[PDB]
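Asker: One structure, pasted below without further comment.
For neighbour counting, all protein chains shown are included, and Cβ atoms are generated from backbone atoms with ideal geometry for every residue, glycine included. We did not get these values from a lab; they are worked out from the coordinates using the rules stated.
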Amino acid sequence: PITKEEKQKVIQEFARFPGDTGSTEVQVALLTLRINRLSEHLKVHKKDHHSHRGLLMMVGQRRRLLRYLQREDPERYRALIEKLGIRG
C-alpha cells in the first residue's frame, strides 16, 4: 500500500525473490507489522466499529508459528526466529 518504502527492507530481506514475499515466512514478518499498527487502530479511527476485521490471525501467526514451520522443519525453527519476534 505504501510504495518506495514497501521494499526498503521488507521482503528484500525476507523474500529472496520477486515472488517469495507471499510465502508463509515473509508473511509471518508482516504479521508483526499489522500487530504494532493494530493497537494504534482505534487510537486514531473515529467511525468504523466491527474492528478486528480478521485481525486476529496475525497474533495467532506467531504465538504458535512453530506449529507450522518449526513443525515441517526443526532447523527452519531457528532462522526467522531471530528476524521476526518469536521468542527472545
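Asker: Among the residues of region 62-88, write down those that are hydrophobic (A, V, I, L, M, F, W, C) and assigned to a loop (DSSP other than H, G, I, E, B).
Answerer: Scanning region 62-88 gives 69, 79, 80, 81, 84, 86.
Asker: Can you confirm whether residue 2 is surrounded by 11 or more Cβ atoms within 10 Å (Cβ to Cβ), farther than 12 Å from residue 61 by Cβ, of a type in the set (A, V, I, L, M) and free of Cβ contacts under 8 Å to residues at least 24 places away in the same chain?
Answerer: Details: surrounded by 11 or more Cβ atoms within 10 Å (Cβ to Cβ): no; farther than 12 Å from residue 61 by Cβ: yes; of a type in the set (A, V, I, L, M): yes; free of Cβ contacts under 8 Å to residues at least 24 places away in the same chain: yes.
Spelling it out, it is not the case that residue 2 is surrounded by 11 or more Cβ atoms within 10 Å (Cβ to Cβ), farther than 12 Å from residue 61 by Cβ, of a type in the set (A, V, I, L, M) and free of Cβ contacts under 8 Å to residues at least 24 places away in the same chain.
Asker: If you scan region 60-77, which residues turn out to be small (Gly, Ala, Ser) and surrounded by 12 or more Cβ atoms within 10 Å (Cβ to Cβ)? Spell out the reasoning first.
Answerer: Applying the first criterion (small (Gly, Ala, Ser)) to region 60-77 yields 60.
Result: no residue meets the conditions.
Asker: In contact (Cβ under 8 Å) with a residue 24 or more places away in the chain, out of contact with any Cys (no Cβ under 8 Å at 6 or more places or on another chain), of a type outside the set (A, V, I, L, M, F, W, C) and loosely packed, with under 13 Cβ neighbours inside 10 Å, is that true of residue 13? Full working, then the answer.
Answerer: On the way: in contact (Cβ under 8 Å) with a residue 24 or more places away in the chain: yes; out of contact with any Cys (no Cβ under 8 Å at 6 or more places or on another chain): yes; of a type outside the set (A, V, I, L, M, F, W, C): yes; loosely packed, with under 13 Cβ neighbours inside 10 Å: yes.
Yes, satisfied.
Asker: Further, regarding this structure: Could you please find all residues in region 5-58 being assigned to a loop (DSSP other than H, G, I, E, B) and among the β-branched types (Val, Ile, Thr)? Explain how you work it out, then say what you get.
Answerer: Of region 5-58, the ones assigned to a loop (DSSP other than H, G, I, E, B) are 7-23, 40-56.
If the condition is that a residue be assigned to a loop (DSSP other than H, G, I, E, B) and among the β-branched types (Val, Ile, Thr), then 10, 11, 21, 44 are the ones that fit.
Asker: A follow-up question, please. Taking the condition surrounded by 10 or more Cβ atoms within 10 Å (Cβ to Cβ), touching a residue at least 24 places away in the same chain (Cβ under 8 Å), basic (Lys, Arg) and under 19 Å from residue 2 (Cα atoms), does residue 34 pass?
Answerer: On the way: surrounded by 10 or more Cβ atoms within 10 Å (Cβ to Cβ): yes; touching a residue at least 24 places away in the same chain (Cβ under 8 Å): yes; basic (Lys, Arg): yes; under 19 Å from residue 2 (Cα atoms): yes.
Considered against the rule, which asks whether it is surrounded by 10 or more Cβ atoms within 10 Å (Cβ to Cβ), touching a residue at least 24 places away in the same chain (Cβ under 8 Å), basic (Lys, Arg) and under 19 Å from residue 2 (Cα atoms), residue 34 comes out as yes.
Asker: Out of all the residues in region 40-59, which are within 12 Å of the chain's Cα centre (by Cα) and either over 22 Å from residue 15 (Cβ atoms) or surrounded by 14 or more Cβ atoms within 10 Å (Cβ to Cβ) (or both)?
Answerer: To start, the set of residues in region 40-59 that are within 12 Å of the chain's Cα centre (by Cα) comprises 55-59.
Scanning region 40-59 gives 55, 56, 58, 59.
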